[PDB]
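Data first, discussion second: the structure below is written as structure tokens.
Chain A is the first sequence line, chain B the second, and so forth, proteins listed ahead of strands; every chain is numbered from 1.
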Amino acid sequence: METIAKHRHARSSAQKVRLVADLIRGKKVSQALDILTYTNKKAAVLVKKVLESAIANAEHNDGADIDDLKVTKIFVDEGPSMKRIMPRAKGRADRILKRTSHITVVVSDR
Amino acid sequence: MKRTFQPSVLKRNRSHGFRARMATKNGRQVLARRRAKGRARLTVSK
Amino acid sequence: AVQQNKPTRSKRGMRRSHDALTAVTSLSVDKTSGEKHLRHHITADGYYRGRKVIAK
RNA sequence: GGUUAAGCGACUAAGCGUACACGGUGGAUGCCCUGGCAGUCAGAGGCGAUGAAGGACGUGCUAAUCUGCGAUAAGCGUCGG
RNA sequence: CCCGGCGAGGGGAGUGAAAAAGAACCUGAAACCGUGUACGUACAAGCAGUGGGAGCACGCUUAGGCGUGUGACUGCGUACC
RNA sequence: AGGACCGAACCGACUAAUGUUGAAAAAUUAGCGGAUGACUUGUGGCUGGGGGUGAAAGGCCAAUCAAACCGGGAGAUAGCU
RNA sequence: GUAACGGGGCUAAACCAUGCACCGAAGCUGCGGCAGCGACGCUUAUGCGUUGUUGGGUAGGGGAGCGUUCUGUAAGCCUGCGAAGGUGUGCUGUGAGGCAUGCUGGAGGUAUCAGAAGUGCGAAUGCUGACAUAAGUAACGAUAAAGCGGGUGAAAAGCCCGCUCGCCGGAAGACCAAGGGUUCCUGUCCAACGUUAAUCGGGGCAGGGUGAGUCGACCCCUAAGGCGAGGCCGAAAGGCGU
RNA sequence: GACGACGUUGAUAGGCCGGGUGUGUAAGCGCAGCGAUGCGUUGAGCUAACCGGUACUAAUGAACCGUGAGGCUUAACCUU
């Protein structure tokens, strides 16, 4: 069996979150938890909460074994960008793109 | 830098107010055009 | 000052070939509490080499 | 079989490319119309000092807005349906 | 019910013909950004394709030597308006 | 006494550097000039576009001036791109 | 930068003469196929037995067609036993295209022959929206300056408390007008707003708060100036003015 | 980034000890002077990056990566 967890409309650009996602792809959840805890980065705080949700789902819904689990798939998709205005010099206006991300994590007992 | 808009409600109402518009033939035509267009704020009164 | 042609997805990814992060492969483990942490750093509970350094 | 020498020689992918599959973003396309456009046949062609047009402020068991109403204030009387 | 900050956001459950119709909601195209698989790519120079073409992978096949994807190497080749 | 002198406020803007997708659609920093006067400033008022005002530069008249802005004639005309 | 055979190299692989071979184009021929114009058998309600020949093409002329939306044919036909649209596959035509079908989709679509057009886009420094690029780069707005402890909290360099440090002090303090109009206080919340985080905020939500015979306005009085009964003037509008 | 040294079997850095260097006679006390000051204690006190030493502090036991005899053909050698 496999489980899924997602965090949609996250306040971070996918490019920044993908750096952390590449560290735990194909790792034991236990090993991935330790990699995110001691990773001095913000996206790691978000990914760790998505992973933790996947663990809880399996133990609750599927009553799975924790140690027998491990990450299977993880990907960060681009989310809706929020349009803002940044006043520049000489009356010119630039548009800020506060990018968002959709984080997804998958675990399995395979 | 000293900009163009130096607000003064007195000068605002005396220059573009309702009674200032109703005091001339052409000022009354301004209100007629704004009434025909459907403006919610005919003037700068309040 | 500015580009004459739009760079490609390839050059973009090629430039990001060195932007990947590294993960600490190992973590310290005290023989007193058994809890693991970074090396040359202190644990959460505070134990350190079986001397009970700062607790509170 | 063993050693040496010469010659040849795949397995690597940090990343990238093409294809396919699965997705995200985005809101095109199709479908829909209590909205518009242009007309036809009928009407009515004026409102106003008996205070107009258009507004302000109010008005509810009501915090806001819209609609209606005007301190008799989402309504009063009467005659009919 | 569960993770989470008595959050956001999700996973189940349940409603429903449909939740991949969950309100950021019919259909959900393209640019654009990604995950996975196959092949190719770290001694090779240029409108990036075209003709030839090995090898690999996959699907066929009453072995039928064909198809699909990839494209080492090689001839020619300086976009459109 | 002084359109007197030195010099803050205040009013100005001679030089240099910085800034030049600026902190700023003309500023900052260090110096500079005037500083009882033809000074400066608040409030209100008047002058309206071939017109105003101008110790006069074609200067200013709402970041727009060798004829303001808005609307209209108007889909001006364009033997040119 | 060899740089005056394209190069390597050549004493012939140079030059002259002669001769026989071969390579060599979308030229010619061969094989198959399409189309146009011609003559032919009055052939035949015209296709050929055949027949010759032609077929590079801008401006431009002529001819013949595809497809799109709408009207009639159509209360017909297809369609929840799955329409349009979307996405693939396969077949097919000289081409614009067409047919079938898997998945998606969940309700309209439309033959044929005619008819009418907002009928076909890569360009116009085209218009609108969306999304890239540069790039996770510049920058985060005065070089007045922060440090520690404790508290709160999911989380504290930025909030609260406290001890120090530093800055303004003819202000970077205090009270007003103008202007703004609830930004004031309390509680609560952190999505967005704050160029970072945020428990904080001039942010969100809710509630509360502005008490005058003496302050100010209104009021009385007038300045500049404005309006202006009559009036004077002026095509009208209107202008000046008692 | 890299490069070099060291990581307790240890002088890598800091501190500490001593020295040197620089500054130029600290503070306090006492004496003299009405006093400012001067004199004595005293070339004093302080002294950064330097020199020579010193495990007082920090450089932790581990863990992680990297493997397990290294292709085919041919020739000469082992077996001139």
Side-chain angles (χ1 to χ4, degrees), chain A residues 3-11 13-19 21-22 25 42 45-46 48-62 72-84 86-94 96-106, chain B residues 1-12 14 18-20 23-26 30-36 38-43 45-46, chain C residues 1-20 23-31 36 39-40 48-50:
Chain A
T3 323
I4 317 181
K6 307 161 75 168
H7 173 15
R8 301 181 71 253
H9 308 293
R11 286 302 327 280
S13 94
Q15 181 176 3
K16 293 173 182 170
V17 187
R18 289 193 185 110
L19 303 173
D22 302 348
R25 190 183 287 106
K42 192 239 270 185
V45 181
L46 311 174
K48 206 201 180 190
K49 291 170 79 83
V50 185
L51 199 169
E52 279 170 60
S53 292
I55 310 315
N57 295 339
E59 182 280 347
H60 178 218
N61 299 334
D62 316 3
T72 312
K73 285 155 267 172
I74 181 166
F75 45 91
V76 182
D77 287 344
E78 285 179 330
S81 301
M82 276 188 286
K83 319 292 169 155
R84 305 284 181 266
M86 193 65 200
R88 305 303 299 264
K90 292 166 171 291
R92 292 176 234 166
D94 290 353
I96 310 179
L97 250 52
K98 308 193 96 74
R99 307 191 124 90
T100 58
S101 303
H102 301 308
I103 308 166
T104 302
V105 186
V106 191
Chain B
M1 305 180 63
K2 181 92 159 286
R3 284 275 109 78
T4 49
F5 185 55
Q6 298 304 322
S8 170
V9 309
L10 180 60
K11 295 213 287 184
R12 183 164 191 75
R14 286 182 175 177
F18 183 81
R19 306 204 83 243
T24 58
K25 185 83 152 56
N26 295 303
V30 169
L31 306 176
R33 292 197 300 268
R34 296 177 74 77
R35 284 199 183 97
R39 292 280 191 179
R41 292 189 299 284
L42 264 283
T43 50
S45 296
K46 298 284 274 283
Chain C
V2 79
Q3 66 205 12
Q4 280 199 0
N5 289 279
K6 183 187 179 184
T8 63
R9 302 159 257 273
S10 189
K11 284 300 310 312
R12 181 183 70 207
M14 284 177 180
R15 180 180 58 248
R16 298 177 186 176
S17 325
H18 310 277
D19 291 355
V24 299
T25 47
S26 60
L27 289 305
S28 66
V29 191
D30 294 64
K31 72 220 83 57
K36 56 166 125 189
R39 221 177 159 66
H40 306 98
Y48 196 89
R49 209 165 312 180

Report which part of the nucleic acid C:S28 touches: base, sugar-phosphate, or nothing (heavy-atom distance under 4.0 Å, all strands).
base

If a positive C1'-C2'-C3'-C4' torsion means north (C3'-endo side) and a negative one means south (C2'-endo side), where does G:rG211 fall?
south

Do C:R39 side-chain and H:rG61 base share a donor-acceptor contact under 3.5 Å?
yes

State the sugar conformation of D:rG27 as north or south, using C1'-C2'-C3'-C4' as the deciding torsion.
south

Taking the sign of the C1'-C2'-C3'-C4' torsion, positive for north and negative for south, which way does the sugar of H:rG4 pucker?
north

Salt bridge (charged side-chain N to carboxylate O under 4.0 Å, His left out) partners of C:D19, counting only residues at least two apart
none

What I want to check is whether an N or O donor and acceptor connect the side chain of C:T25 with the base of H:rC64 at under 3.5 Å.
no

With sugar-phosphate taken as primed atoms, P, OP1 and OP2 and all else as base, the protein-contact string of nucleotides 21-47 of chain E at under 4.0 Å (heavy atoms; B, S, -) is ---B-------SSSSS-----------

Can you build the contact string for nucleotides 227-237 of chain G? Use B for base contact, S for sugar-phosphate-only contact, and - for no protein heavy atom under 4.0 Å.
-----------

North (positive) or south (negative) by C1'-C2'-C3'-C4': which describes D:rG55?
north

Which of these nucleotides, G:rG136, E:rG12, E:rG10, is closest to any side-chain atom of A:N61?
E:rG12

Presence of donor-acceptor pair under 3.5 Å, side chain of A:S13 and base of G:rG136:
yes

Select base, sugar-phosphate, or nothing to describe what B:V9 touches, counting heavy atoms under 4.0 Å on all strands.
sugar-phosphate

Exercise answer: donor-acceptor pairs, residues 3-10 of chain C side-chain atoms, under 3.5 Å, sequence neighbours excluded:
from : atom 1 : to    : atom 2 : distance (Å)
C:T8 : OG1    : C:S10 : N      : 3.3
C:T8 : OG1    : C:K11 : N      : 3.2

So what stems show up for RNA chain D if we need 3 or more Watson-Crick or G-U pairs in a row, all under 3.5 Å?
D:1-8 with H:71-78, D:15-24 with E:32-41, D:57-59 with D:68-70

Is G:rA192 on the north side or the south side, where north means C1'-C2'-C3'-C4' is positive?
north

Taking G:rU195, F:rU21, E:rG5 as options, the one with an atom nearest any side-chain atom of A:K90 is F:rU21

Could you tell me how far E:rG64 sits from E:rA79 if I compare only their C1' atoms? Round to whole Å.
46 Å

Distances for protein N/O vs nucleotides 52-59 of chain D N/O pairs under 3.5 angstrom?
from   : atom 1 : to    : atom 2 : distance (Å)
D:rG54 : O2'    : B:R35 : NE     : 3.3

